[PDB]
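Beneath this line is the structure, given in structure tokens, with notes to follow.
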Amino acid sequence: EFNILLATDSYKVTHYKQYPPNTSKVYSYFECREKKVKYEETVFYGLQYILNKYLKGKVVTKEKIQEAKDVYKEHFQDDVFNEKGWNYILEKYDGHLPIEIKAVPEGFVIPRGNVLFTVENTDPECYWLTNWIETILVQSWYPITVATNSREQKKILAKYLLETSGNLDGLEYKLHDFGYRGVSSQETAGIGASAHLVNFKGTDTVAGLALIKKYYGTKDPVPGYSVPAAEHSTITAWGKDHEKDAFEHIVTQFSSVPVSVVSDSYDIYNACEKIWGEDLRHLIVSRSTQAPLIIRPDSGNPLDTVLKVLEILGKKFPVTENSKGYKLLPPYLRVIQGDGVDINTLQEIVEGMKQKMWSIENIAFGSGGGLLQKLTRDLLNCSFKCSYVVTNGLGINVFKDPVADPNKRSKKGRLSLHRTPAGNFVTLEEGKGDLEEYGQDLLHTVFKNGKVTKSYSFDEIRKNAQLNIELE
Amino acid sequence: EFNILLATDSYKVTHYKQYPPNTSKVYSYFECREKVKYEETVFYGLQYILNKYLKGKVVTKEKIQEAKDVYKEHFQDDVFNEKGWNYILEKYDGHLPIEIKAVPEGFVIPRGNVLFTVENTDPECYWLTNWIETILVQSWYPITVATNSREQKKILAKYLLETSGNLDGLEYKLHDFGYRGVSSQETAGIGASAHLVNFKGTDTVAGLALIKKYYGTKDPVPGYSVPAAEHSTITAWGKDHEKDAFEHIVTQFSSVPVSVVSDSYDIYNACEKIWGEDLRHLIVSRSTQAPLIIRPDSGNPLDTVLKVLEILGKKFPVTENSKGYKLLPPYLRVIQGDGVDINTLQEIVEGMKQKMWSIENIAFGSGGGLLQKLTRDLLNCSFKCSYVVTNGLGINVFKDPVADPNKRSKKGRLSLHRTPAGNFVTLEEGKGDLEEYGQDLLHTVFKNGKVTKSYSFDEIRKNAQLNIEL
Ligand SMILES: O=C(NCc1ccc(S(=O)(=O)c2cc(F)cc(F)c2)cc1)c1ccc2nccn2c1
Ligand SMILES: O=C(NCc1ccc(S(=O)(=O)c2cc(F)cc(F)c2)cc1)c1ccc2nccn2c1
């Protein structure tokens, strides 16, 4: 069973002895720090998961305190653990954390360098608790970063889809989550998949569904969808000489729904031109527009291979030219590129298709490692810092400002988030929000004294995270 | 609660319909596929997966109904194999009729070798082998963390040996700072445990309980830490009271090692004037068992380490060790824990060597670099079907994409062997049966719901030792 007393960086166990004596308040904040492919704005998402799963309710017990005491005695080879401090929370608050957390609403899209949430203790005895939970709260970097990077890919797709087709039909199914096997754990799979679903509806990372249902909720039964598809094993199992038999069996099993079939087991170009394009053509041109074959290459240079596949298919199937002048495969036939796709290669592929006069209508993308794993906390510089303390009854504004790196300077004092007169965002420092020159603070209390005080549905989060082009 | 029926890639729900009719066996294998760096991998982490997710009664009536309900909405259709899962529930009390063979945990194996194999043990469950691909492939992560951590240990060992003449302290030279920088609590435990295969220093506390529950050590814990400041415990004192913070903290921890981040405002001033002059008397009085460990945390990592060492060397009595390298007094050390990954680690130790500074002087902390900045395509960790039985006939199967020979997979039943020179070789097409290469080195680790072979964390550590340590 999870123990919050064992869910911090080891050194934080020793910090209660290091703050200035007579310190009654430690106030800290999280931002995606500005840094001197740009990621200028971030989707705030995922805190509600952490608040519910790990922070709310009775999170301290006698047994958990003893467990931590025993572990830390060996881990430090010394008795440094603050048993008294944790006992206090147990006895006074029935094990509920005397912490208040204020946050921007989930789904909100905020420029870099703004306060996204703040954390402070609500009992002077618990001044040490604010930064105890830094480690667990900072893990919000991951769903923020997945959601943000997913949204940036949606912007690219929207731009090219609009240009090549005149509309955004199908946009929310253009980037499918293939990341389940490629992330570092089951828990990460659920969190990351849920973050991608903020922007798209296509996922094979099933773990995302239960997380959303439990922690956020949707009006619809599920937040994300998939359709049948082969993998290499269901093709190769038939034997090298029987690829065509495998293809025929699979498209016939799934004759009335969309089906995707990986086509590069031996020779993608032969598969497209001869097997799909000739031998089994009659099984393809008969399909419903609601049930296309989606051919999947899975190897070679992604751009070169997509273009060659499209060129091959365009000569074996009836291609039209849409109203924008771009080439369009018949509606029973589409392509998915799900190898080597990340934000950079996505851009390269759609730009290359545009240059060769192929509509983005023709293609969807799958992304696994690029979508959910190839991301770090330094992409958006997600960081938690103390900005305000009260010592001997006096508030002081505190910060770091390393001489050799101004990019690591942190904000000072009590913080608040506001709309500017032009409708942008600004973070006010030094308690200046109290002057009330900038309208209402956009941070809302989401956690206080062990209770989650404000929650958002997944539907609301999706609405908040919409693209401008979607609004327009 | 975890449900294995909901722990696969969506499309795999539809695969039972796609295999050749009358297929009784699907046999698959995992390797770190071959492509100059990362030539050998540490096999670690499967035992966690077997125990947490795969063993015992993992199928219930409730889990089947849950999956049925979810997949009906997810696919907007009834494609879920309720019958297949019910069969497992009824026939085997929900235990998976699967056999898994694997190389011992901690083993260091060159790329392109079979690491584990998976097959169904009941013909009715031919579809099950690849259902669990997704969960098993996540073994990539502890493998990759352990391997990358070990590669950093090789670098540290080389430079520590060169500059000091021994390997004293090696196992504390790379500290896990990765807890906040990984993607989840679960990942934190897994990754931290993988790093502990090679080192003993960690702040990622989650790793300790994972090791205790799933692996075990003779010692009470597998990893250790010591007190240290963070920026908040310095900056809280106010900009004009950095010295007061430093003095308070080293006095609170006067008889144990203590690390103090010194770059809140000006690292060079902190080293030369605060530690080097104002508080020098509190440093030179400390025990060899209780050094101050100064932590810079900003600027170019190599340049900052070198400048910090130069500053300290002029304020404190430096010696020259038997190898001709400079050594701070034993009560004073440095830790660099900003921007450290396998590449910058190499750059820093080589730069220190060029400036005649012993690696004895320094330890490294690594967070995102150690536990997060890794993907499955670093070692090309991959699961593929290589053998099937259909209509009672065994068939050797594989992929071999025309445009990428690197993605070619192995054929047939596989086994791992020692060569006459004592290296590893993977035999394909059942050729291990010819017994020309001795016994198969894989062991059955899982069979029909039970873990059949396992390893303590102590044995894993022994298996993963460096040659130079041996
Ligand atoms: O094919 C796979 N899954 C099935 C699949 C099929 C089509 C589409 S689509 O985007 O064309 C699509 C989405 C959708 F929801 C409605 C559609 F009509 C069309 C997406 C996903 C697959 C392949 C490799 C893989 N590696 C890891 C996980 N993986 C899953
Ligand atoms: O200082 C921190 N933790 C404490 C710490 C102190 C010293 C050493 S050491 O390697 O010098 C050392 C290890 C040890 F086990 C025995 C020693 F005597 C010497 C390692 C660790 C710290 C700093 C930043 C941070 N970010 C995330 C987590 N973080 C932890």
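The chains in the structure tokens are called A, B, ... from first to last as shown; in each chain the residues are counted from 1, and the ligands are counted from 1 in the order shown.
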Exercise for the section: Write as number ranges by chain the residues around ligand 1, taking 9 Å as the cut-off and counting only C-alpha atoms and all ligand atoms. Expected result: A: 172-182, 201-205, 224-231, 257-262, 290-296, 298, 334-339, 363-368; B: 8-12, 74-75, 134
Got a sec: who's within 6 Å of residue 120 (chain B), counting only C-alpha atoms, leaving out chain neighbours fewer than 6 positions off, as a compact mmCIF listing (two decimals) with N, CA, C and O atoms, in the first residue's frame?
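Contents of selection18.txt, freshly written:
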```txt
# COMPACT_ATOMS: atom_id res chain seq x y z
N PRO B 97 -2.21 -20.17 -18.98
CA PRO B 97 -1.50 -21.34 -19.51
C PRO B 97 -0.42 -20.92 -20.48
O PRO B 97 -0.53 -21.04 -21.71
N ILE B 98 0.65 -20.39 -19.89
CA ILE B 98 1.78 -19.83 -20.60
C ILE B 98 3.06 -20.39 -19.98
O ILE B 98 3.12 -20.61 -18.78
N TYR B 126 -3.73 -20.30 -28.02
CA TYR B 126 -2.73 -19.86 -29.00
C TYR B 126 -2.67 -18.32 -29.06
O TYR B 126 -1.61 -17.75 -29.34
N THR B 129 -0.36 -15.84 -26.14
CA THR B 129 1.07 -15.53 -26.20
C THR B 129 1.29 -14.08 -26.56
O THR B 129 2.04 -13.38 -25.89
```
Exercise for the section: May I have the residues within 7 Å of ligand 2, computed using only C-alpha atoms and all ligand atoms, as a ChimeraX atom specification? Expected result: /A:9-11 /B:172-175,177-180,200-203,224-230,257-259,293,335,337,363-365,367
Output file for the selection above: C-alpha atoms, as a tab-separated table (two decimals), in the first residue's frame:
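Here's the written file out_28.tsv:
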```
chain	number	residue	atom	x	y	z
A	9	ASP	CA	13.26	12.43	-2.25
A	10	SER	CA	15.37	11.07	0.58
A	11	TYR	CA	17.03	14.39	1.34
B	172	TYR	CA	28.46	5.71	-4.46
B	173	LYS	CA	29.62	7.76	-7.45
B	174	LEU	CA	26.29	8.01	-9.28
B	175	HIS	CA	23.31	8.95	-7.13
B	177	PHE	CA	17.97	12.04	-8.22
B	178	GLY	CA	15.21	10.93	-10.60
B	179	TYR	CA	12.08	10.67	-8.45
B	180	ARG	CA	10.48	13.99	-9.50
B	200	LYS	CA	24.07	1.95	-3.72
B	201	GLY	CA	23.14	5.64	-3.63
B	202	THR	CA	19.54	6.70	-4.17
B	203	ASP	CA	17.05	9.41	-3.20
B	224	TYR	CA	21.39	4.71	1.03
B	225	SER	CA	21.41	8.50	1.31
B	226	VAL	CA	22.71	11.25	3.63
B	227	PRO	CA	21.33	14.66	4.69
B	228	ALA	CA	21.37	17.57	2.27
B	229	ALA	CA	19.89	20.98	1.62
B	230	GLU	CA	17.70	22.05	-1.24
B	257	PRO	CA	28.07	13.70	5.75
B	258	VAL	CA	25.99	16.65	4.53
B	259	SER	CA	25.56	18.08	1.06
B	293	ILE	CA	29.82	17.91	0.05
B	335	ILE	CA	28.71	16.61	-6.10
B	337	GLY	CA	23.83	16.89	-10.01
B	363	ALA	CA	30.26	12.26	-7.04
B	364	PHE	CA	27.45	12.70	-9.53
B	365	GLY	CA	23.70	12.93	-9.19
B	367	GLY	CA	17.70	12.49	-12.41
```
Practice task
Quick one: pick out all helix (DSSP H, G or I) residues within region 146-290 of chain A from a backbone DSSP run and write them as JSON, numbers by chain.
Solution key: {"A": [146, 147, 148, 149, 150, 151, 152, 153, 154, 155, 156, 157, 158, 159, 160, 161, 162, 163, 164, 165, 171, 172, 173, 186, 187, 188, 189, 190, 191, 192, 193, 194, 195, 196, 207, 208, 209, 210, 211, 212, 213, 214, 215, 232, 233, 234, 235, 236, 240, 241, 242, 243, 244, 245, 246, 247, 248, 249, 250, 251, 252, 253, 268, 269, 270, 271, 272, 273, 274, 275, 276, 277, 278, 279, 281, 282, 283, 284]}
Problem - Shell of 10 Å around region 163-170 of chain B, only C-alpha atoms, local chain residues under 5 positions omitted, as a VMD selection string - result: chain B and resid 153 to 154 156 to 158 198 to 200 321 to 327 349 352 to 353 356 to 360 363 468 to 469
Pick out the residues sitting within 8 Å of residue 288 (chain A), and hand them over as a PDB file with N, CA, C and O atoms, in the first residue's frame; count only C-alpha atoms, and ignore anything fewer than 5 positions along from it in its own chain.
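And here's selection-v6.pdb as it stands now:
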```
ATOM      1  N   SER A 256     -16.806  -5.322 -42.647  1.00  0.00           N
ATOM      2  CA  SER A 256     -17.799  -4.267 -42.488  1.00  0.00           C
ATOM      3  C   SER A 256     -17.398  -3.184 -41.499  1.00  0.00           C
ATOM      4  O   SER A 256     -18.197  -2.304 -41.187  1.00  0.00           O
ATOM      5  N   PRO A 331     -12.478   6.402 -51.108  1.00  0.00           N
ATOM      6  CA  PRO A 331     -12.824   6.428 -49.682  1.00  0.00           C
ATOM      7  C   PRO A 331     -12.681   5.091 -48.958  1.00  0.00           C
ATOM      8  O   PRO A 331     -12.696   5.081 -47.727  1.00  0.00           O
ATOM      9  N   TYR A 332     -12.539   4.002 -49.700  1.00  0.00           N
ATOM     10  CA  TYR A 332     -12.381   2.674 -49.100  1.00  0.00           C
ATOM     11  C   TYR A 332     -10.917   2.351 -48.808  1.00  0.00           C
ATOM     12  O   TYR A 332     -10.600   1.245 -48.376  1.00  0.00           O
TER      13      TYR A 332
END
```
Problem - Members of region 211-374 of chain B assigned strand (DSSP E) by DSSP, as a PyMOL selection string - result: chain B and resi 258-261+292-295+319-320+326-327+332-336+362-366
Let me see the file: selected residues, N, CA and C atoms, as a PDB file, in the first residue's frame.
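out_33.pdb, written as the output of this step:
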```pdb
ATOM      1  N   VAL B 258      27.105  15.778   4.876  1.00  0.00           N
ATOM      2  CA  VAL B 258      25.995  16.651   4.530  1.00  0.00           C
ATOM      3  C   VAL B 258      26.310  17.352   3.219  1.00  0.00           C
ATOM      4  N   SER B 259      25.336  17.405   2.324  1.00  0.00           N
ATOM      5  CA  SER B 259      25.564  18.082   1.062  1.00  0.00           C
ATOM      6  C   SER B 259      24.794  19.386   1.054  1.00  0.00           C
ATOM      7  N   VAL B 260      25.421  20.453   0.573  1.00  0.00           N
ATOM      8  CA  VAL B 260      24.781  21.762   0.602  1.00  0.00           C
ATOM      9  C   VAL B 260      24.870  22.466  -0.749  1.00  0.00           C
ATOM     10  N   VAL B 261      23.714  22.625  -1.387  1.00  0.00           N
ATOM     11  CA  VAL B 261      23.606  23.357  -2.644  1.00  0.00           C
ATOM     12  C   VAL B 261      24.050  24.806  -2.447  1.00  0.00           C
ATOM     13  N   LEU B 292      31.700  17.822   4.316  1.00  0.00           N
ATOM     14  CA  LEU B 292      30.795  18.710   3.610  1.00  0.00           C
ATOM     15  C   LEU B 292      30.930  18.374   2.141  1.00  0.00           C
ATOM     16  N   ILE B 293      29.801  18.209   1.473  1.00  0.00           N
ATOM     17  CA  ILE B 293      29.816  17.907   0.047  1.00  0.00           C
ATOM     18  C   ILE B 293      29.153  19.093  -0.635  1.00  0.00           C
ATOM     19  N   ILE B 294      29.963  19.934  -1.272  1.00  0.00           N
ATOM     20  CA  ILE B 294      29.457  21.135  -1.928  1.00  0.00           C
ATOM     21  C   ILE B 294      28.788  20.786  -3.252  1.00  0.00           C
ATOM     22  N   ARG B 295      27.584  21.313  -3.472  1.00  0.00           N
ATOM     23  CA  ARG B 295      26.842  21.029  -4.701  1.00  0.00           C
ATOM     24  C   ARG B 295      26.590  22.285  -5.537  1.00  0.00           C
ATOM     25  N   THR B 319      46.218  17.862  -1.430  1.00  0.00           N
ATOM     26  CA  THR B 319      47.343  16.956  -1.511  1.00  0.00           C
ATOM     27  C   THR B 319      47.470  16.406  -2.919  1.00  0.00           C
ATOM     28  N   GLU B 320      48.536  15.661  -3.147  1.00  0.00           N
ATOM     29  CA  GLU B 320      48.707  14.986  -4.424  1.00  0.00           C
ATOM     30  C   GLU B 320      48.784  13.500  -4.125  1.00  0.00           C
ATOM     31  N   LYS B 326      45.414  15.680  -7.897  1.00  0.00           N
ATOM     32  CA  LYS B 326      45.056  16.549  -6.785  1.00  0.00           C
ATOM     33  C   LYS B 326      43.856  16.033  -6.012  1.00  0.00           C
ATOM     34  N   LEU B 327      43.937  16.154  -4.691  1.00  0.00           N
ATOM     35  CA  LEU B 327      42.907  15.625  -3.815  1.00  0.00           C
ATOM     36  C   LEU B 327      42.568  16.641  -2.728  1.00  0.00           C
ATOM     37  N   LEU B 332      36.048  17.420   2.740  1.00  0.00           N
ATOM     38  CA  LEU B 332      35.481  18.280   1.709  1.00  0.00           C
ATOM     39  C   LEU B 332      35.413  17.560   0.372  1.00  0.00           C
ATOM     40  N   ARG B 333      34.216  17.528  -0.204  1.00  0.00           N
ATOM     41  CA  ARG B 333      33.984  16.876  -1.493  1.00  0.00           C
ATOM     42  C   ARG B 333      32.985  17.697  -2.313  1.00  0.00           C
ATOM     43  N   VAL B 334      32.770  17.293  -3.565  1.00  0.00           N
ATOM     44  CA  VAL B 334      31.847  17.994  -4.470  1.00  0.00           C
ATOM     45  C   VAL B 334      30.876  16.988  -5.080  1.00  0.00           C
ATOM     46  N   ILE B 335      29.636  17.415  -5.316  1.00  0.00           N
ATOM     47  CA  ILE B 335      28.708  16.613  -6.095  1.00  0.00           C
ATOM     48  C   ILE B 335      28.097  17.464  -7.203  1.00  0.00           C
ATOM     49  N   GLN B 336      28.156  16.961  -8.432  1.00  0.00           N
ATOM     50  CA  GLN B 336      27.509  17.641  -9.551  1.00  0.00           C
ATOM     51  C   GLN B 336      26.252  16.874  -9.898  1.00  0.00           C
ATOM     52  N   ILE B 362      34.866  13.837  -6.440  1.00  0.00           N
ATOM     53  CA  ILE B 362      33.535  14.132  -6.954  1.00  0.00           C
ATOM     54  C   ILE B 362      32.604  12.932  -6.946  1.00  0.00           C
ATOM     55  N   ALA B 363      31.318  13.220  -6.778  1.00  0.00           N
ATOM     56  CA  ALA B 363      30.256  12.262  -7.037  1.00  0.00           C
ATOM     57  C   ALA B 363      29.279  12.936  -7.987  1.00  0.00           C
ATOM     58  N   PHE B 364      28.419  12.145  -8.618  1.00  0.00           N
ATOM     59  CA  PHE B 364      27.447  12.697  -9.533  1.00  0.00           C
ATOM     60  C   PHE B 364      26.047  12.328  -9.105  1.00  0.00           C
ATOM     61  N   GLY B 365      25.116  13.249  -9.317  1.00  0.00           N
ATOM     62  CA  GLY B 365      23.700  12.932  -9.190  1.00  0.00           C
ATOM     63  C   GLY B 365      23.081  13.035 -10.568  1.00  0.00           C
ATOM     64  N   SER B 366      22.111  12.173 -10.851  1.00  0.00           N
ATOM     65  CA  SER B 366      21.459  12.217 -12.149  1.00  0.00           C
ATOM     66  C   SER B 366      19.993  11.877 -11.967  1.00  0.00           C
TER      67      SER B 366
END
```
Handout entry: Interatomic distance (Å, one decimal) between CA of residue 279 (chain B) and CA of residue 311 (chain B)
Key = 14.8 Å
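For the pair CA of residue 59 (chain A) and CA of residue 218 (chain A), the interatomic distance is 27.7 Å.
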Practice task
Would you list the contacts of residue 244 (chain B) as a ChimeraX atom specification, taking every protein, DNA or RNA residue within 10 Å and counting only C-alpha atoms, but skipping same-chain residues closer than 3 positions in sequence?
Solution key: /A:20 /B:234,237-238,240-241,247-249,274,279
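Residue neighbourhood of residue 387 (chain A), excluding near-sequence residues (fewer than 3 positions): residues 26, 27, 28, 29, 396, 397, 398, 399, 400, 410, 411, 412, 413, 414, 415 and 430 of chain A; 232, 235 and 236 of chain B, at 9 Å, using only C-alpha atoms.
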Quick one: contact table of region 119-214 of chain B to region 46-58 of chain B, 9 Å max, nearest atom pair and distance in Å to one decimal per residue, counting only C-alpha atoms, chain and number order, as a Markdown table?
```
| residue | atom | partner | partner_atom | distance |
| --- | --- | --- | --- | --- |
| B:132 | CA | B:54 | CA | 9.0 |
| B:135 | CA | B:49 | CA | 7.7 |
| B:136 | CA | B:49 | CA | 7.1 |
| B:138 | CA | B:49 | CA | 8.6 |
| B:139 | CA | B:46 | CA | 5.9 |
| B:142 | CA | B:46 | CA | 8.5 |
| B:143 | CA | B:46 | CA | 9.0 |
| B:190 | CA | B:48 | CA | 8.5 |
| B:210 | CA | B:48 | CA | 8.3 |
| B:211 | CA | B:48 | CA | 8.9 |
| B:214 | CA | B:48 | CA | 6.0 |
```
